[PDB]
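Enquirer: Just one file: structure.pdb, with PDB, C-alpha atoms.
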ATOM      1  CA  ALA A 109     111.082  75.886 128.193  1.00  0.00           C
ATOM      2  CA  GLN A 110     111.609  78.705 125.643  1.00  0.00           C
ATOM      3  CA  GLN A 111     109.284  76.940 123.122  1.00  0.00           C
ATOM      4  CA  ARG A 112     106.487  76.504 125.709  1.00  0.00           C
ATOM      5  CA  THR A 113     106.790  80.234 126.623  1.00  0.00           C
ATOM      6  CA  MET A 114     106.649  81.300 122.929  1.00  0.00           C
ATOM      7  CA  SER A 115     103.681  79.035 122.097  1.00  0.00           C
ATOM      8  CA  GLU A 116     101.591  80.697 124.842  1.00  0.00           C
ATOM      9  CA  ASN A 117     102.421  84.169 123.455  1.00  0.00           C
ATOM     10  CA  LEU A 118     101.417  82.984 119.948  1.00  0.00           C
ATOM     11  CA  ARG A 119      98.267  81.169 121.214  1.00  0.00           C
ATOM     12  CA  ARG A 120      96.928  84.106 123.254  1.00  0.00           C
ATOM     13  CA  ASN A 121      97.986  86.963 120.904  1.00  0.00           C
ATOM     14  CA  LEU A 122      96.208  85.115 118.027  1.00  0.00           C
ATOM     15  CA  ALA A 123      93.112  84.772 120.264  1.00  0.00           C
ATOM     16  CA  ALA A 124      93.081  88.572 120.830  1.00  0.00           C
ATOM     17  CA  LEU A 125      93.397  89.186 117.046  1.00  0.00           C
ATOM     18  CA  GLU A 126      90.638  86.648 116.276  1.00  0.00           C
ATOM     19  CA  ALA A 127      88.436  88.490 118.811  1.00  0.00           C
ATOM     20  CA  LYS A 128      88.999  91.800 117.008  1.00  0.00           C
ATOM     21  CA  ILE A 129      88.207  90.165 113.654  1.00  0.00           C
ATOM     22  CA  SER A 130      85.135  88.626 115.283  1.00  0.00           C
ATOM     23  CA  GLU A 131      84.052  92.140 116.416  1.00  0.00           C
ATOM     24  CA  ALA A 132      84.472  93.336 112.803  1.00  0.00           C
ATOM     25  CA  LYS A 133      82.050  90.651 111.539  1.00  0.00           C
ATOM     26  CA  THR A 134      79.329  91.720 114.075  1.00  0.00           C
ATOM     27  CA  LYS A 135      80.102  95.453 113.579  1.00  0.00           C
ATOM     28  CA  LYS A 136      79.726  95.107 109.768  1.00  0.00           C
ATOM     29  CA  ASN A 137      76.279  93.462 110.284  1.00  0.00           C
ATOM     30  CA  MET A 138      74.852  96.350 112.352  1.00  0.00           C
ATOM     31  CA  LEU A 139      76.696  99.103 110.414  1.00  0.00           C
ATOM     32  CA  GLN A 140      75.056  97.765 107.218  1.00  0.00           C
ATOM     33  CA  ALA A 141      71.577  98.266 108.752  1.00  0.00           C
ATOM     34  CA  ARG A 142      72.177 101.962 109.575  1.00  0.00           C
ATOM     35  CA  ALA A 143      73.914 102.604 106.206  1.00  0.00           C
ATOM     36  CA  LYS A 144      70.587 101.714 104.500  1.00  0.00           C
ATOM     37  CA  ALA A 145      68.557 103.781 107.011  1.00  0.00           C
ATOM     38  CA  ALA A 146      70.556 107.021 106.603  1.00  0.00           C
ATOM     39  CA  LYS A 147      69.916 107.288 102.867  1.00  0.00           C
ATOM     40  CA  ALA A 148      66.199 106.641 103.347  1.00  0.00           C
ATOM     41  CA  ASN A 149      65.841 109.354 105.988  1.00  0.00           C
ATOM     42  CA  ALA A 150      67.303 111.878 103.548  1.00  0.00           C
ATOM     43  CA  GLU A 151      65.251 110.587 100.617  1.00  0.00           C
ATOM     44  CA  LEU A 152      61.896 111.430 102.198  1.00  0.00           C
ATOM     45  CA  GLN A 153      63.219 114.851 103.186  1.00  0.00           C
ATOM     46  CA  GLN A 154      64.627 115.545  99.677  1.00  0.00           C
ATOM     47  CA  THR A 155      61.223 114.651  98.093  1.00  0.00           C
ATOM     48  CA  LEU A 156      59.250 116.675 100.710  1.00  0.00           C
ATOM     49  CA  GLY A 157      61.520 119.739 100.681  1.00  0.00           C
ATOM     50  CA  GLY A 158      61.338 122.773  98.386  1.00  0.00           C
ATOM     51  CA  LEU A 159      64.916 122.145  97.243  1.00  0.00           C
ATOM     52  CA  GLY A 160      65.383 123.282  93.619  1.00  0.00           C
ATOM     53  CA  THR A 161      62.896 124.035  90.828  1.00  0.00           C
TER      54      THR A 161
ATOM     55  CA  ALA B 109     157.662  56.159 117.956  1.00  0.00           C
ATOM     56  CA  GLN B 110     157.143  59.345 115.882  1.00  0.00           C
ATOM     57  CA  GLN B 111     154.265  57.677 113.930  1.00  0.00           C
ATOM     58  CA  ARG B 112     152.482  56.554 117.134  1.00  0.00           C
ATOM     59  CA  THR B 113     152.796  60.131 118.528  1.00  0.00           C
ATOM     60  CA  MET B 114     151.404  61.672 115.288  1.00  0.00           C
ATOM     61  CA  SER B 115     148.494  59.201 115.031  1.00  0.00           C
ATOM     62  CA  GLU B 116     147.280  60.205 118.523  1.00  0.00           C
ATOM     63  CA  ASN B 117     147.374  63.910 117.556  1.00  0.00           C
ATOM     64  CA  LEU B 118     145.386  63.107 114.375  1.00  0.00           C
ATOM     65  CA  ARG B 119     142.945  60.768 116.215  1.00  0.00           C
ATOM     66  CA  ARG B 120     142.124  63.212 119.032  1.00  0.00           C
ATOM     67  CA  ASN B 121     142.167  66.472 116.990  1.00  0.00           C
ATOM     68  CA  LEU B 122     139.698  64.838 114.523  1.00  0.00           C
ATOM     69  CA  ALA B 123     137.514  63.818 117.506  1.00  0.00           C
ATOM     70  CA  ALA B 124     137.396  67.472 118.689  1.00  0.00           C
ATOM     71  CA  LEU B 125     136.439  68.635 115.149  1.00  0.00           C
ATOM     72  CA  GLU B 126     133.766  65.914 114.839  1.00  0.00           C
ATOM     73  CA  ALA B 127     132.367  67.109 118.199  1.00  0.00           C
ATOM     74  CA  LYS B 128     132.086  70.680 116.896  1.00  0.00           C
ATOM     75  CA  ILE B 129     130.380  69.439 113.718  1.00  0.00           C
ATOM     76  CA  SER B 130     128.109  67.331 115.921  1.00  0.00           C
ATOM     77  CA  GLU B 131     127.198  70.499 117.907  1.00  0.00           C
ATOM     78  CA  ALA B 132     126.353  72.223 114.595  1.00  0.00           C
ATOM     79  CA  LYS B 133     123.851  69.466 113.695  1.00  0.00           C
ATOM     80  CA  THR B 134     122.017  69.838 117.083  1.00  0.00           C
ATOM     81  CA  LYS B 135     122.323  73.670 117.013  1.00  0.00           C
ATOM     82  CA  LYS B 136     120.771  73.810 113.497  1.00  0.00           C
ATOM     83  CA  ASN B 137     117.797  71.705 114.754  1.00  0.00           C
ATOM     84  CA  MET B 138     116.906  74.087 117.615  1.00  0.00           C
ATOM     85  CA  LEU B 139     117.832  77.283 115.702  1.00  0.00           C
ATOM     86  CA  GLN B 140     115.355  76.211 112.980  1.00  0.00           C
ATOM     87  CA  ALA B 141     112.523  76.072 115.564  1.00  0.00           C
ATOM     88  CA  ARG B 142     113.090  79.664 116.777  1.00  0.00           C
ATOM     89  CA  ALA B 143     113.607  80.969 113.197  1.00  0.00           C
ATOM     90  CA  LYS B 144     109.980  79.928 112.462  1.00  0.00           C
ATOM     91  CA  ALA B 145     108.721  81.369 115.785  1.00  0.00           C
ATOM     92  CA  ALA B 146     110.247  84.851 115.339  1.00  0.00           C
ATOM     93  CA  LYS B 147     108.428  85.552 112.079  1.00  0.00           C
ATOM     94  CA  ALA B 148     105.116  84.400 113.553  1.00  0.00           C
ATOM     95  CA  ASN B 149     105.431  86.660 116.596  1.00  0.00           C
ATOM     96  CA  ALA B 150     105.850  89.655 114.289  1.00  0.00           C
ATOM     97  CA  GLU B 151     103.065  88.542 111.949  1.00  0.00           C
ATOM     98  CA  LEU B 152     100.342  88.748 114.597  1.00  0.00           C
ATOM     99  CA  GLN B 153     101.665  92.134 115.698  1.00  0.00           C
ATOM    100  CA  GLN B 154     101.821  93.471 112.097  1.00  0.00           C
ATOM    101  CA  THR B 155      98.162  92.399 111.499  1.00  0.00           C
ATOM    102  CA  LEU B 156      96.992  93.789 114.896  1.00  0.00           C
ATOM    103  CA  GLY B 157      98.910  97.080 114.694  1.00  0.00           C
ATOM    104  CA  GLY B 158      97.787 100.357 113.111  1.00  0.00           C
ATOM    105  CA  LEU B 159     100.846 100.330 110.842  1.00  0.00           C
ATOM    106  CA  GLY B 160     100.045 102.004 107.495  1.00  0.00           C
ATOM    107  CA  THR B 161      96.749 102.829 105.764  1.00  0.00           C
TER     108      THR B 161
END
Translate the structure of the given file into structure tokens.

Expert:
Amino acid sequence: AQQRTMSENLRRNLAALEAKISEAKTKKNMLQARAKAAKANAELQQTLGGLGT
Amino acid sequence: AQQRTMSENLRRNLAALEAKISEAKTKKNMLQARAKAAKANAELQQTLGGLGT
């Protein structure tokens, strides 16, 4: 009875953790896209601008 | 008469000791199961938690 109770706690706590990890995989994929974009947006502005001589 | 009296004391005291030992064998078997379980329960929580940087 104690074992069956513990196994459920392990089974469903692991599932919650695996969900978070799973979020991290998807989050990394979209975060990567914007990480590229941000540098580009500044590039054009740095080239266009009158910054420095 | 003294021998027969002593032999009973030896026979039945040994039986009580062997019972305790026998308990220890069974107790070790179930204690081993929970010893594994306890570390696992903490593992998931340690990974999930915001403990440390």

Enquirer: Around segment 119-124 of chain B, with edges along x, y and z and 5 Å added on all six sides, what centre and edge lengths do you get, in Å to one decimal, as JSON?

Expert:
{"center_x": 140.2, "center_y": 64.1, "center_z": 116.8, "size_x": 15.5, "size_y": 16.7, "size_z": 14.5}

Enquirer: May I have the residues of chain A within 8 Å of chain B, counting all atoms listed in the file, written as JSON, numbers by chain?

Expert: {"A": [111, 114, 117, 118, 121, 122, 125]}

Enquirer: Give me, please, the distance in Å between atom CA of residue 139 of chain A and atom CA of residue 124 of chain A, quoted to one decimal.

Expert: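 Computing it gives 22.1 Å between the two atoms.
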
Enquirer: Provide the atom CA of residue 132 of chain B to atom CA of residue 116 of chain A distance in Å, to one decimal place.

Expert: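 Distance between the two atoms: 28.1 Å.
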
Enquirer: Provide the atom CA of residue 112 of chain A to atom CA of residue 128 of chain B distance in Å, to one decimal place.

Expert: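 Separation between atom CA of residue 112 of chain A and atom CA of residue 128 of chain B: 27.7 Å.
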